[PDB]
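# Chains, contacts and geometry: an overview
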Amino acid sequence: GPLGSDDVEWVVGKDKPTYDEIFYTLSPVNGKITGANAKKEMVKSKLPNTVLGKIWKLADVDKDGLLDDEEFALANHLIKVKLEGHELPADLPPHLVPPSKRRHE
Amino acid sequence: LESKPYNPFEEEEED
Ligand SMILES: [Ca+2]
């Protein structure tokens, strides 16, 4: 049975180009920045340290400790949501979880 | 295992 492609609306796909540029300015080592790079970026965002921890713990879907361009873009996306006056529901739904981390079966 | 060491904003609390 030929199953179809599940294309969910990952809004970060609209955000990506901008955070991709930022990702490159933090010096992406082997295509993935370390916790230090994004840590100083997060403190530049001028958010409370508690928020940084929450943003990271949600955004880092790999639980790898590093942020690649999609994880980092989610990090920035969530930070922006906070800056917009709102907050993240502490839920990663299908339309926020990147396809790279979408578990099939 | 509850202290998540993968977060640079969660790197140790008081000690
Ligand atoms: Ca990661």
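Going by the header, the method for this PDB entry is solution NMR.

### Considerations on the pattern of salt bridges
Residue and element names in this part refer to chain A. Overall, the coordinates contain 13 salt bridges over all chains when judged by the stated rule. As a salt-bridge pair, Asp64 and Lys32 come within 3.3 Å of each other at their nearest N and O atoms. Taken as a pair, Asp64 in the loop between α3 (49-59) and α4 (69-83) and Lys32 in the loop between α1 (12-25) and α2 (35-44) lie far apart in primary sequence, 32 residues in all. Using a relative accessible area of 32% as the deciding quantity, one classes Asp64 as partly exposed. Judged by relative accessible area, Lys32 falls into the buried class, the value being 17%. Between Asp68 and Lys101 there is a salt bridge whose closest N-O contact spans 3.7 Å. Note that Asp68 is positioned in the loop between α3 and α4 and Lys101 in the segment after α4, a separation of 33 residues in sequence. Taken together, the salt bridges that share partners define one network made up of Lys32, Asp62, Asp64, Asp68, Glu70, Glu71 and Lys101.

### Examining α3(A)
Regarding α3(A), the residues found buried are A:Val51, A:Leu52, A:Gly53, A:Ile55, A:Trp56, A:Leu58 and A:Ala59. Packing partners of the buried residues in α3(A) comprise α2 and α4 of chain A.

### Section: empty space enclosed by the protein
Rolled over the atoms, a probe sized like a water molecule indicates the empty space that remains. Here the structure, examined in full by the defined rule, presents 1 cavity of 30 Å³ or more. When its volume is computed, the largest cavity comes out at roughly 30 Å³. For the lining of the largest cavity, the per-class residue count stands at 7 nonpolar, no polar and 1 charged.

### Comments concerning the interface of chain B and chain A
Between chain B and chain A, the contact holds 7 residues from the first and 12 residues from the second. For the pairing of chain B and chain A, the buried interface totals around 740 Å² over both sides, and the portion due to carbon and sulfur atoms is 64%. Among the residues of chain B in contact with chain A, B:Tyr6, B:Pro8 and B:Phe9 are the three that bury the most area, contributing 72% of the side total. The interface formed by chain B and chain A holds 2 salt bridges in total. Across the salt bridge formed by A:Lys39 and B:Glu11, the nearest N and O atoms sit 2.8 Å from each other. Taken together, the connections running from chain B to chain A amount to 4 residue pairs in polar contact. A per-class count over the side of chain B that touches chain A returns 3 nonpolar, 1 polar and 3 charged.

### Side note on a negative patch on the surface
Together, B:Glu12, B:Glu13, B:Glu14 and B:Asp15 make up a region of like negative charge exposed at the surface. Here B:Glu12 falls in the exposed class, since its relative accessible area comes to 66%.

### So, the packing of aromatic side chains
Under the definition given, this model contains 3 aromatic pairs over all chains. When the ring of A:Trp56 is compared with that of B:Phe9, the centres are 5.7 Å apart and the planes differ by 75°; the resulting orientation is edge-to-face. Residue A:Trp56 shares its accessibility class with B:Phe9, and that shared class is buried.

Conventions we followed
Residues numbered from 1 in each chain as written, not as in the entry; some residues may be left out. Chains lettered and ligands numbered in written order. Heavy atoms only, no water. Salt bridge = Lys/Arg side-chain N within 4 Å of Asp/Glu carboxyl O. Helix = DSSP H or I, 4+ residues; strand = E, 2+ residues; numbered from the N terminus. Buried < 20%, exposed > 50% of the residue type's maximum accessible area, 1.4 Å probe, protein only. Contact = heavy atoms within 4.5 Å. 1 Å grid on protein atoms, 1.4 Å probe; cavity = no way out; pocket = protein on both sides within 12 Å on 5 of 7 lines; lining within 4 Å. Points joined across faces, edges and corners; volume = space filled by probe spheres on them. Nonpolar A, V, L, I, M, F, W, Y, C, P; charged D, E, K, R; others polar. Buried area = accessible area lost by both parts, 1.4 Å probe. Polar contact = N/O pair within 3.5 Å; in protein donor to acceptor, adjacent residues only side chain to side chain. Patch = residues over 30% accessible without salt bridge, like charges linked within 9 Å, V, L, I, M, F, W, Y side chains within 5 Å. Areas by Shrake-Rupley, 256 points an atom, 1.4 Å probe, with all protein chains shown as cover. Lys, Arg positive; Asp, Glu negative; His and termini not counted. Charge placed at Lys NZ, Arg CZ, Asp CG, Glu CD. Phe/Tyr/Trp six-rings, centres within 6.5 Å; stacked < 30°, edge-to-face > 60°.

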